[PDB]
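Visitor: First the structure, then my questions, so here it is.
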Amino acid sequence: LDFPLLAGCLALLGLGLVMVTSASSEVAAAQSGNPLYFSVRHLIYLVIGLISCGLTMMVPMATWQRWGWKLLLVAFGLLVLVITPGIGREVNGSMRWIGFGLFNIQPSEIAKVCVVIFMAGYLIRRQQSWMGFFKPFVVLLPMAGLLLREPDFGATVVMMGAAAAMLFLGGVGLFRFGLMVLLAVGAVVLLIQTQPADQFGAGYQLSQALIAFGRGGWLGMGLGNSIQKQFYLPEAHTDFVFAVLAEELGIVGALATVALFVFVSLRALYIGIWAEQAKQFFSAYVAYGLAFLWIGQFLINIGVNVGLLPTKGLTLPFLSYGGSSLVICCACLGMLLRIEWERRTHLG
Amino acid sequence: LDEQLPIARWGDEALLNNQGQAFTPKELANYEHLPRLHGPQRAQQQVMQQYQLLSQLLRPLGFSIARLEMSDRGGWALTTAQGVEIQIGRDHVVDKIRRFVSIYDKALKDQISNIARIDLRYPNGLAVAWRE
Amino acid sequence: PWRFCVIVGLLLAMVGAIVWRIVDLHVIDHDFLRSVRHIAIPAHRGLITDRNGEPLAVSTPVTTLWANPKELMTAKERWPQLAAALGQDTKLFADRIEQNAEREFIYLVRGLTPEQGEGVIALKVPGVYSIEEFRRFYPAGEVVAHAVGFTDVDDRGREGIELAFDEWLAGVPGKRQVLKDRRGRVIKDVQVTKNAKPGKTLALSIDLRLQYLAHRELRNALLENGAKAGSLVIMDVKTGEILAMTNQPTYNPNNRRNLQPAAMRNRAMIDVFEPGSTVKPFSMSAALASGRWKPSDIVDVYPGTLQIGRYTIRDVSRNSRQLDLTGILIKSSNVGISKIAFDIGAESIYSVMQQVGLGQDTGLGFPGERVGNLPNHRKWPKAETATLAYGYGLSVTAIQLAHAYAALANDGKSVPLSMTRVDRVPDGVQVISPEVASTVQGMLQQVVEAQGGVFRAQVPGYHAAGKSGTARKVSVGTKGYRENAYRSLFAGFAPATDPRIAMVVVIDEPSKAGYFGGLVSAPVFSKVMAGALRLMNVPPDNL
Amino acid sequence: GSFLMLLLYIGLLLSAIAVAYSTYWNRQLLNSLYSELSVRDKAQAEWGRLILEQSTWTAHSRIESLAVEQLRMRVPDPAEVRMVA
Amino acid sequence: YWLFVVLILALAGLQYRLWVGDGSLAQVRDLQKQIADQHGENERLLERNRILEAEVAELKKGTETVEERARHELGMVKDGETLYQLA
């Protein structure tokens with residue numbers, strides 16, 4: 001298989017596991033009873049994600065070429081259900097999760113992978129006309145509209161950025177590409193038009209991570225010694241897990257994580273390059289899309305954590321909490337390991 | 001099912017066993033000969049065991065304890081079958097008992113008929129009040 | 001494809017911007033970078049106990065009111081209201097607050113009973129809170145004031161054992177984390193960084209019964225003799241413990257309002273004096289340790305006005321011609337001691353005097369514990385030898401004099417002093433051979449018992465063994481001494497058959513009845529050993 | 001080696017989660033220890049208050065006067081003492 | 001096989017922090033034993049000062065038990081009593 005990519009992604013996965021275990025203990029103990037609640041559920045999410053990655057490794061690629069239509073059908077079903085009441089719970093200003101028991105499901109990630117797959121299936125057909133210009137927009141504009149009517153802005157931002165970049169790889173115009181990008185930007189700005197310090201309140205996070213980084217130090221203060229995570233931040237294992245990692249592992253660990261994210265993401269883009277050289281256009285394009293989705297999520301998370309960008313309560317791949325995000329990340333992992341497998345079929 | 005041991009009386013109301021938990025049986029007046037024990041409200045844990053150990057320790061002396069009392073201060077007062085009261089004192093109960101046993105075996109062999117009280121509340125010895 | 005290159009370059013540029021920003025914030029602005037506060041929780045002092053079980057110094061809770069002036073600027077109209085609850089002028093209180101407005105922690109009242117604490121806080125002025133500050137309290141009062149000393153308002157030792165054992169009594173404080181605000185108010189108690197260490201209980205060797213006793217009859221002695229001051233020391237001879245020790249005039253440690261420092265003056269450790277005829281037993285010990293002299297050697301002291309160079313060694317009594325060594329001690333013959341010192345030489349005298357501990361220091365460590373001075377010379381001037389023989393021209397405080405007499409009573413096995421209680425039997429240096437020690441104890445017994453000596457110092461039912469003395473107090477400015485200002489001294493041990501208790505009794509300037517040691521300090525000596533020997537539970541040997 | 005690498009990595013993960021759990025547990029035990037020391041401090045505060053209130057009445061001179069007056073207790077005479085060894 | 005060194009170093013550091021550092025299970029047992037002994041002395045001191053408040057309660061209203069202290073501190077005796085001393 002792919003030893004380096006698998007090693008890097010498993011390093012990310014295990015580091016996320018230890019980070020959530022170290023950062024969620026206080027809140028789990030306080031508002032959940034047993035101190036090991038988020039960590040124990042994260043371990044189960046991790047193992048089912050590994051099983052799902054294996055399953056995606058055991059299912060052929062042409063199925064995504066042919067059986068994708070039902071995938072987007074169920075994606076549309078889940079995206080309808082996330083907005084209807086009764087089968088959805090509203091938490092922190094948004095009813096993003098749908099519950100089937102102990103497995104709360106966020107449909108944004110499955111929607112993202114499905115829309116990437118269909119974009120690739122369209123772009124393998126119409127890389128080279130205005131009809132093609134208008135046709136790709138109906139694929140993602142309903143996605144952005146639904147996910148922005150729901151209070152979810154980071155998902156729409158990563159959708160737009162990933163889509164624009166992964167069109168930019170595989171046929172780009174001179175000014176018409178900028179035209180479609182500007183029309184997408186205008187659409188999202190119109191959607192924004194439709195629907196438009198604080199340390200004593202719940203806005204503690206804006207300067208909490210800032211002062212935390214100020215007190216972080218080069219080497220850090222070791223495992224589980226941060227003083228800005230014990231009831232200071234609810235759900236810190238999801239949004240500011242990178243800030244917790246920074247406090248816990250110093251500049252050394254923080255830069256190691258940033259660089260290893262960069263390594264695995266550029267390896268994804270570069271295996272997409274191989275697939276392009278391997279005459280597997282569908283695989284190449286889906287790899288480019290998945291890699292840019294990952295880098296977009298990573299960049300927006302680090303940017304909101306460092307404070308360069310407004311608040312964006314979005315998860316971090318393989319590090320933050322959430323069953324859906326990790327399961328979809330593991331499925332993407334399986335897809336990439338497949339792309340390696342089909343590329344290696346002629347090599348080995 | 002454990003059976004309570006009628007070995008001690010708490011005042012004139014309750015009955016005590018080796019552990020000394022407060023239990024009261026069907027008939028109370030039957031135990032005239034059983035020793036009388038007294039203590040504070042929070043004292044059904046220690047008076048009975050102190051009485052048992054003191055009886056075991058003073059058995060070679062030929063002394064059978066009649067009444068045992070504890071003030072809330074903790075100072076112990078002891079009365080025997082011969083009718084002489086003993087003020088053992090607050091603390092150092094075992095040291096004072098050994099001291100009194102030695103003094104009785106040495107210089108109180110047959111003087112057991114002219115003592116009003118025996119006061120052990122001394123760091124060195126004891127005081128004996130005499131009766132005509 | 002160059003789109004590859006441009007996308008990878010843009011990604012690397014964003015990552016570089018991120019890492020540049022984070023390295024800028026982490027280290028460069030670390031010093032610049034209301035949220036969290038790291039606070040220290042104080043610890044409480046230890047317990048000072050007597051030999052067996054009686055507490056001597058305890059820490060008691062007292063409600064102390066403090067305020068945060070940052071919260072108190074909102075009380076510009078309320079400072080006049082609050083000043084009434086304090087007892088200070090409203091304008092003066094406002095001035096006091098405004099001069100320390102920048103200050104975060106300020107104390108308003110300390111030493112206030114809790115009930116008045118609720119009474120004052122009933123005004124509910126923001127920023128005012130009550131804390132359970134511990135105040136040191138002394139059950140024994142002025143009785144053991146000098147032997148325990150006291151702490152200050154900062155709960156730090158200042159005198160006596162309190163200053164001597166700050167590292168043992170006052171435990172190290174603990175560290176805590178809190179969620180402070182802009183006004184300094186704490187939202188939530190955050191995890192304790194490091195917990196406080198409880199103070200360890202120090203058990204003194206002083207017995208409070210003997211201390212009460214000695215204090216009682218020593219103030220009785222002062223009122224009976226009308227003297228300025230006095231002191232007394234009790235010592236166990238087998239272990240060197242200070243079983244009791246007192247000084248007068250005393251001070252009440254719990255009420256320190258205008259106590260003049262001479263009331264604080266622990267004369268048993270700060271006041272130096274020449275022992276006078278008190279050091280005759282050490283001279284005899286040297287004489288019988290050399291082996292030249294014998295206890296049954298007749299010494300002629302006539303006419304009692306021996307001349308040495310330009311100096312005259314006057315003797316108190318000139319009516320006795322021939323006097324033995326025991327007679328020398330009984331009569332305190334300066335001529336006899338001078339002659340025996342000339343015969344033996346002052347070298348061995350100074351040897352035994354440094355060996356016993358006179359003029360030296362001991363492992364006690366008290367503030368102002370003086371050292372004394374026993375002069376040492378390579379040669380031996382005749383007048384110097386005489387003065388060393390009969391006591392003058394020297395300075396020794398009462399504590400090490402008691403130590404020396406305890407060593408004499410301890411078969412010459414001098415033991416270092418230990419005011420703290422001793423758990424294991426100490427092993428000291430055999431300063432004096434057993435034969436010389438036994439002989440010296442015998443001569444001391446005949447000194448106290450035989451006629452012509454100190455009849456007032458005899459202890460009923462006990463063989464006393466002591467020696468009197470008188471010190472001509474030193475005058476500052478005029479080289480020498482001050483007229484009609486003598487200190488009465490007495491020291492000894494009991495029972496003479498097998499010593500277990502030592503004593504030194506010093507009374508300063510008795511100007512009403514007399515200045516003789518056997519006239520002033522002897523009855524006190526007898527009374528304190530009667531009581532102390534009764535309490536120490538030793539068998540009497542007389543009937 | 002690949003299986004050995006997997007076992008070593010999962011052991012490292014177990015060690016890391018154990019370290020996190022143990023650090024949280026130590027924080028909890030420190031909180032409990034502070035609770036018990038506060039209990040001990042207030043108990044000794046009550047004890048010191050009681051001692052302060054008692055000392056004003058159990059004084060040596062007062063108890064001497066009480067013993068000699070009320071119960072007519074007298075200081076023992078060494079002439080009449082049964083010394084026993 | 002390069003990455004084995006980093007994993008060995010990380011596992012060694014983690015085990016050191018798990019057996020030596022402030023988060024060690026050794027410190028867990030240390031604090032557990034410390035709290036156990038602390039609670040034991042709490043209960044003993046509560047019994048002690050409860051006895052103290054009981055005796056001060058008797059002191060202010062009674063006199064028959066002040067004889068305990070009057071004859072322990074002073075060794076005093078009443079007129080019709082004889083001291084039997086052991087030494």
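Starting from 1 in every chain, residues are counted up; chains themselves are A, B, ... following the order of the structure tokens, and ligands are numbered from 1 as listed.
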Find the residues in chain D near chain E: any atom within 9 Å counts, using only C-alpha atoms. Write them as a PyMOL selection string.

Guide: chain D and resi 1+5+8-9+11-13+15-16+18-27+29-30+32-33+36-37+39-40+43-44+46-47+50-51+53-54+57-58+60+63-64+66-68+70-76+80-85

Visitor: List as a PyMOL selection string the protein and nucleic acid residues near residue B:66, meaning an atom at most 6 Å away when only C-alpha atoms are counted, but skip any in the same chain fewer than 2 places from it.

Guide: chain B and resi 35+79-81

Visitor: Kindly export the residues of the current selection with C-alpha atoms, as a PDB file, in the first residue's frame.

Guide:
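Output below, filename part_14.pdb:
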```pdb
ATOM      1  CA  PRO B  35     -23.106  -3.607  85.580  1.00  0.00           C
ATOM      2  CA  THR B  79     -16.976   1.880  90.990  1.00  0.00           C
ATOM      3  CA  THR B  80     -16.350  -1.719  92.046  1.00  0.00           C
ATOM      4  CA  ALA B  81     -18.230  -4.418  93.941  1.00  0.00           C
TER       5      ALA B  81
END
```

Visitor: Would you give me, as an mmCIF file with N, CA, C and O atoms, in the first residue's frame, the residues of chain A that come within 7 Å of chain C, using only C-alpha atoms?

Guide:
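New file result_3.cif:
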```cif
data_model
loop_
_atom_site.group_PDB
_atom_site.id
_atom_site.type_symbol
_atom_site.label_atom_id
_atom_site.label_comp_id
_atom_site.auth_asym_id
_atom_site.auth_seq_id
_atom_site.Cartn_x
_atom_site.Cartn_y
_atom_site.Cartn_z
ATOM 1 N N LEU A 169 -7.771 23.193 -11.423
ATOM 2 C CA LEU A 169 -6.942 22.071 -11.854
ATOM 3 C C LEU A 169 -7.809 21.191 -12.744
ATOM 4 O O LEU A 169 -8.731 20.523 -12.269
ATOM 5 N N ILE A 211 -3.927 34.757 24.329
ATOM 6 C CA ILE A 211 -3.078 34.815 25.519
ATOM 7 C C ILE A 211 -2.442 33.455 25.778
ATOM 8 O O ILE A 211 -1.314 33.362 26.285
ATOM 9 N N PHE A 213 -1.384 31.314 23.420
ATOM 10 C CA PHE A 213 -0.202 31.283 22.567
ATOM 11 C C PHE A 213 0.882 32.204 23.109
ATOM 12 O O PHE A 213 2.073 31.881 23.042
ATOM 13 N N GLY A 214 0.486 33.351 23.663
ATOM 14 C CA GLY A 214 1.466 34.239 24.271
ATOM 15 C C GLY A 214 2.234 33.580 25.401
ATOM 16 O O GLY A 214 3.432 33.816 25.572
ATOM 17 N N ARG A 215 1.554 32.747 26.187
ATOM 18 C CA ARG A 215 2.181 32.032 27.293
ATOM 19 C C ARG A 215 2.647 30.629 26.913
ATOM 20 O O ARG A 215 3.072 29.872 27.791
ATOM 21 N N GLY A 216 2.566 30.262 25.632
ATOM 22 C CA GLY A 216 2.846 28.885 25.247
ATOM 23 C C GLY A 216 4.291 28.474 25.473
ATOM 24 O O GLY A 216 4.566 27.492 26.167
ATOM 25 N N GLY A 217 5.230 29.214 24.891
ATOM 26 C CA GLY A 217 6.634 28.877 24.987
ATOM 27 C C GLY A 217 7.092 27.950 23.873
ATOM 28 O O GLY A 217 6.302 27.319 23.170
#
```

Visitor: Where does DSSP see alpha helix (DSSP H) in chain D, if you list the residues as a ChimeraX atom specification?

Guide: /D:2-55,60-69

Visitor: Write down, as a PyMOL selection string, each residue of chain C that has any atom within 7 Å of an atom of chain D, counting only C-alpha atoms.

Guide: chain C and resi 58-61+139+191-192+195+461+539+543

Visitor: Got time to write the residues from that selection, N, CA, C and O atoms, as a CSV table (one decimal), in the first residue's frame?

Guide:
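New file out.csv:
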```csv
chain,number,residue,atom,x,y,z
C,58,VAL,N,-0.9,29.1,70.6
C,58,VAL,CA,-1.9,28.6,69.7
C,58,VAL,C,-2.3,29.7,68.7
C,58,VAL,O,-2.1,30.9,69.0
C,59,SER,N,-2.8,29.3,67.6
C,59,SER,CA,-3.3,30.2,66.6
C,59,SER,C,-4.8,30.2,66.6
C,59,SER,O,-5.4,29.1,66.5
C,60,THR,N,-5.4,31.4,66.8
C,60,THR,CA,-6.8,31.5,66.9
C,60,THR,C,-7.4,32.2,65.7
C,60,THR,O,-6.8,33.2,65.2
C,61,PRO,N,-8.6,31.8,65.2
C,61,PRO,CA,-9.2,32.5,64.1
C,61,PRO,C,-9.7,33.8,64.4
C,61,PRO,O,-10.4,34.0,65.5
C,139,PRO,N,-1.8,30.6,75.8
C,139,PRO,CA,-2.5,30.3,77.1
C,139,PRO,C,-1.8,30.6,78.4
C,139,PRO,O,-2.4,31.1,79.3
C,191,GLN,N,-8.1,24.8,39.7
C,191,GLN,CA,-7.3,23.8,40.3
C,191,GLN,C,-6.2,24.3,41.1
C,191,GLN,O,-5.5,25.3,40.7
C,192,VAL,N,-6.0,23.8,42.3
C,192,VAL,CA,-4.9,24.2,43.2
C,192,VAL,C,-3.6,23.8,42.6
C,192,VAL,O,-3.3,22.6,42.3
C,195,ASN,N,-0.6,22.6,47.3
C,195,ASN,CA,-1.4,22.7,48.5
C,195,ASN,C,-0.4,23.1,49.6
C,195,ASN,O,0.8,22.9,49.6
C,461,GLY,N,13.4,17.9,103.6
C,461,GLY,CA,13.3,16.5,103.1
C,461,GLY,C,14.2,16.2,101.9
C,461,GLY,O,14.0,15.2,101.2
C,539,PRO,N,12.2,10.6,95.1
C,539,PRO,CA,12.0,10.2,96.5
C,539,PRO,C,12.8,11.1,97.4
C,539,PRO,O,14.0,11.4,97.1
C,543,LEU,N,14.3,12.9,106.7
C,543,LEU,CA,13.1,12.7,107.6
C,543,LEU,C,13.4,13.0,109.0
C,543,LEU,O,14.5,12.8,109.5
```

Visitor: When you look at residue C:340 with a cut-off of 10 Å (counting only C-alpha atoms), what residues show up, excluding the ones that are within fewer than 4 positions of it in the same chain? I need them as number ranges by chain.

Guide: C: 283-284, 287, 293, 299, 325, 334-336, 344-346, 386, 389

Visitor: Give me a file of those residues, with N, CA, C and O atoms, as an mmCIF file, in the first residue's frame.

Guide:
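Ended up saving to selection34.cif:
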```cif
data_model
loop_
_atom_site.group_PDB
_atom_site.id
_atom_site.type_symbol
_atom_site.label_atom_id
_atom_site.label_comp_id
_atom_site.auth_asym_id
_atom_site.auth_seq_id
_atom_site.Cartn_x
_atom_site.Cartn_y
_atom_site.Cartn_z
ATOM 1 N N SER C 283 36.939 25.997 90.313
ATOM 2 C CA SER C 283 38.325 26.116 90.751
ATOM 3 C C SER C 283 38.750 24.894 91.558
ATOM 4 O O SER C 283 39.837 24.341 91.349
ATOM 5 N N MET C 284 37.893 24.447 92.480
ATOM 6 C CA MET C 284 38.191 23.228 93.229
ATOM 7 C C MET C 284 38.230 22.007 92.321
ATOM 8 O O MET C 284 39.027 21.087 92.536
ATOM 9 N N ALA C 287 41.546 22.038 90.776
ATOM 10 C CA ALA C 287 42.557 21.703 91.773
ATOM 11 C C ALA C 287 42.618 20.210 92.061
ATOM 12 O O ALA C 287 43.718 19.656 92.161
ATOM 13 N N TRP C 293 46.283 19.118 94.838
ATOM 14 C CA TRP C 293 45.524 19.482 96.023
ATOM 15 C C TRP C 293 44.620 18.336 96.461
ATOM 16 O O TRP C 293 44.234 17.474 95.668
ATOM 17 N N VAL C 299 44.519 25.528 104.537
ATOM 18 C CA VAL C 299 45.044 26.701 103.850
ATOM 19 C C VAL C 299 44.921 27.897 104.782
ATOM 20 O O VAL C 299 43.836 28.169 105.311
ATOM 21 N N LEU C 325 39.422 23.744 102.089
ATOM 22 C CA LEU C 325 38.765 24.077 100.828
ATOM 23 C C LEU C 325 37.261 24.228 101.018
ATOM 24 O O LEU C 325 36.651 25.167 100.492
ATOM 25 N N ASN C 334 38.474 35.125 99.418
ATOM 26 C CA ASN C 334 39.222 35.565 98.246
ATOM 27 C C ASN C 334 40.711 35.282 98.392
ATOM 28 O O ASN C 334 41.383 34.970 97.403
ATOM 29 N N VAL C 335 41.245 35.388 99.609
ATOM 30 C CA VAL C 335 42.657 35.095 99.828
ATOM 31 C C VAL C 335 42.943 33.619 99.580
ATOM 32 O O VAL C 335 43.942 33.266 98.944
ATOM 33 N N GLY C 336 42.073 32.736 100.074
ATOM 34 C CA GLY C 336 42.290 31.311 99.872
ATOM 35 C C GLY C 336 42.216 30.911 98.411
ATOM 36 O O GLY C 336 43.045 30.138 97.921
ATOM 37 N N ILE C 344 48.135 26.476 91.654
ATOM 38 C CA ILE C 344 47.736 25.575 90.577
ATOM 39 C C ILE C 344 47.922 26.226 89.210
ATOM 40 O O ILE C 344 48.109 25.533 88.204
ATOM 41 N N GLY C 345 47.881 27.554 89.159
ATOM 42 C CA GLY C 345 47.968 28.240 87.885
ATOM 43 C C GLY C 345 46.630 28.325 87.179
ATOM 44 O O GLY C 345 45.837 27.380 87.224
ATOM 45 N N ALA C 346 46.371 29.452 86.516
ATOM 46 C CA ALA C 346 45.071 29.694 85.904
ATOM 47 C C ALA C 346 44.839 28.887 84.634
ATOM 48 O O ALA C 346 43.721 28.914 84.107
ATOM 49 N N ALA C 386 44.131 35.874 89.659
ATOM 50 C CA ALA C 386 43.308 36.051 90.852
ATOM 51 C C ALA C 386 41.861 36.353 90.482
ATOM 52 O O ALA C 386 40.929 35.744 91.024
ATOM 53 N N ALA C 389 40.160 33.456 89.374
ATOM 54 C CA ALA C 389 39.923 32.537 90.481
ATOM 55 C C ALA C 389 38.661 32.902 91.252
ATOM 56 O O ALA C 389 37.815 32.039 91.514
#
```

Visitor: Pick out each residue of stretch 228-269 of chain C that DSSP on the backbone tags as strand (DSSP E or B); I need them as a list in words.

Guide: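 Restricting stretch 228-269 of chain C to strand (DSSP E or B) produces residues 228, 229, 230, 231, 232, 233, 234, 235, 236, 241, 244, 245, 246, 247 and 248 of chain C.
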
Visitor: Write the residues you've just listed into a file as a PDB file, in the first residue's frame, and include C-alpha atoms for each of them.

Guide:
```
ATOM      1  CA  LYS C 228      14.529  46.009  90.242  1.00  0.00           C
ATOM      2  CA  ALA C 229      14.530  42.704  88.347  1.00  0.00           C
ATOM      3  CA  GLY C 230      15.407  39.027  88.530  1.00  0.00           C
ATOM      4  CA  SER C 231      15.463  35.719  86.704  1.00  0.00           C
ATOM      5  CA  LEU C 232      15.562  31.979  87.315  1.00  0.00           C
ATOM      6  CA  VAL C 233      16.541  28.901  85.301  1.00  0.00           C
ATOM      7  CA  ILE C 234      15.663  25.236  85.858  1.00  0.00           C
ATOM      8  CA  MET C 235      17.736  22.540  84.177  1.00  0.00           C
ATOM      9  CA  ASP C 236      17.597  18.777  84.058  1.00  0.00           C
ATOM     10  CA  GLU C 241      16.687  20.456  79.088  1.00  0.00           C
ATOM     11  CA  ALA C 244      11.663  26.006  83.433  1.00  0.00           C
ATOM     12  CA  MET C 245      12.916  29.540  82.940  1.00  0.00           C
ATOM     13  CA  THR C 246      11.488  32.952  83.763  1.00  0.00           C
ATOM     14  CA  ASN C 247      12.464  36.608  83.941  1.00  0.00           C
ATOM     15  CA  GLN C 248      10.990  39.645  85.652  1.00  0.00           C
TER      16      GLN C 248
END
```

Visitor: So how many Å separate atom CA of residue C:403 and atom CA of residue C:138, to one decimal?

Guide: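 Separation of atom CA of residue C:403 and atom CA of residue C:138: 27.6 Å.
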
Visitor: Chain C residues within 10 Å of chain E, counting only C-alpha atoms: which ones, as an NGL selection string?

Guide: :C and (208-210 or 212-213 or 531 or 534-535 or 537-539)

Visitor: Mind dumping the selected residues with N, CA and C atoms as a short mmCIF file (atom, residue, chain, number, x, y, z; two decimals), in the first residue's frame?

Guide:
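As written to disk, again.cif reads:
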```cif
data_model
loop_
_atom_site.label_atom_id
_atom_site.label_comp_id
_atom_site.auth_asym_id
_atom_site.auth_seq_id
_atom_site.Cartn_x
_atom_site.Cartn_y
_atom_site.Cartn_z
N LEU C 208 5.29 23.29 82.45
CA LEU C 208 4.53 24.49 82.79
C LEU C 208 4.22 24.56 84.28
N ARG C 209 4.16 23.41 84.97
CA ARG C 209 3.95 23.43 86.41
C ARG C 209 5.11 24.11 87.11
N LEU C 210 6.34 23.66 86.82
CA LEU C 210 7.52 24.28 87.40
C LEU C 210 7.66 25.73 86.98
N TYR C 212 5.13 27.92 86.23
CA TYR C 212 4.17 28.64 87.06
C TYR C 212 4.72 28.83 88.46
N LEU C 213 5.23 27.74 89.05
CA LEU C 213 5.80 27.78 90.39
C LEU C 213 6.89 28.84 90.49
N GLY C 531 9.28 22.85 95.69
CA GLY C 531 8.20 22.62 94.75
C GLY C 531 8.61 21.76 93.57
N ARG C 534 9.22 18.17 94.50
CA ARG C 534 7.93 17.51 94.70
C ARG C 534 7.28 17.17 93.37
N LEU C 535 7.32 18.09 92.41
CA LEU C 535 6.65 17.87 91.13
C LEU C 535 7.39 16.86 90.26
N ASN C 537 8.84 14.26 91.16
CA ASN C 537 8.43 12.94 91.62
C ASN C 537 9.61 12.08 92.07
N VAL C 538 10.67 12.69 92.58
CA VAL C 538 11.83 11.96 93.08
C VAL C 538 11.64 11.63 94.55
N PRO C 539 12.23 10.55 95.06
CA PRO C 539 12.04 10.20 96.47
C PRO C 539 12.81 11.13 97.38
#
```

Visitor: Please, which residues of chain B lie no more than 9 Å from chain E when the count uses only C-alpha atoms, and can they be set out as a ChimeraX atom specification?

Guide: /B:71-75,87,89-90,99,102-103,107,121-131

Visitor: For C-alpha atoms, I'd like the residues from the last selection saved as a short mmCIF file (atom, residue, chain, number, x, y, z; two decimals), in the first residue's frame.

Guide:
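Produced file again-v4.cif, reproduced below:
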```cif
data_model
loop_
_atom_site.label_atom_id
_atom_site.label_comp_id
_atom_site.auth_asym_id
_atom_site.auth_seq_id
_atom_site.Cartn_x
_atom_site.Cartn_y
_atom_site.Cartn_z
CA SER B 71 -18.56 12.58 81.77
CA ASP B 72 -18.76 14.43 78.46
CA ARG B 73 -15.34 15.81 79.40
CA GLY B 74 -14.11 12.23 79.01
CA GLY B 75 -12.92 11.74 82.58
CA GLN B 87 -11.57 8.46 89.43
CA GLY B 89 -9.24 10.43 84.84
CA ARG B 90 -9.36 11.82 81.32
CA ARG B 99 0.24 2.27 88.03
CA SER B 102 1.41 -1.95 90.88
CA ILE B 103 0.60 0.27 93.87
CA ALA B 107 1.43 -1.18 99.38
CA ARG B 121 -5.72 11.54 88.59
CA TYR B 122 -2.00 11.96 89.25
CA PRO B 123 0.96 11.75 86.85
CA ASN B 124 3.02 9.74 89.37
CA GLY B 125 0.79 7.91 91.86
CA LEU B 126 -2.61 8.13 93.49
CA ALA B 127 -4.45 9.45 96.54
CA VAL B 128 -6.55 7.29 98.88
CA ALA B 129 -9.29 8.74 101.06
CA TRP B 130 -9.91 6.81 104.27
CA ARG B 131 -13.15 5.97 106.07
#
```

Visitor: May I have the residues within 12 Å of residue C:497 as an MDAnalysis selection string, using only C-alpha atoms and disregarding those fewer than 4 positions away in the same chain?

Guide: chainID C and resid 409:411 438:439 441:442 444:445 462:465 493 501 538:542

Visitor: Using atom CA of residue C:173 and atom CA of residue C:254 as the two end points, give the distance in Å to one decimal.

Guide: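 Computing the Euclidean distance for atom CA of residue C:173 and atom CA of residue C:254 yields 24.8 Å.
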
Visitor: So the first atom is atom CA of residue C:393 and the second is atom CA of residue C:274; what is the distance between them in Å, to one decimal place?

Guide: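 Between these atoms lies a distance of 6.9 Å.
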
Visitor: Could you list, as a count of residues only, every residue of chain A that has an atom within 12 Å of an atom of chain E, counting only C-alpha atoms?

Guide: 13

Visitor: With distances taken over only C-alpha atoms, which residue among A:268, A:146, A:306, A:71 lies nearest residue A:9?

Guide: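 Result for the nearest residue to residue A:9: A:268.
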
Visitor: Write out as a list in words each polymer residue whose atoms come within 10 Å of stretch 49-64 of chain B, counting only C-alpha atoms; drop sequence neighbours fewer than 6 positions from it.

Guide: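 Result of the neighbour search: residues 7, 8, 17, 18, 19, 20, 35, 37, 76, 78, 79, 80, 81, 82, 93, 94, 97, 98, 101, 104 and 105 of chain B.
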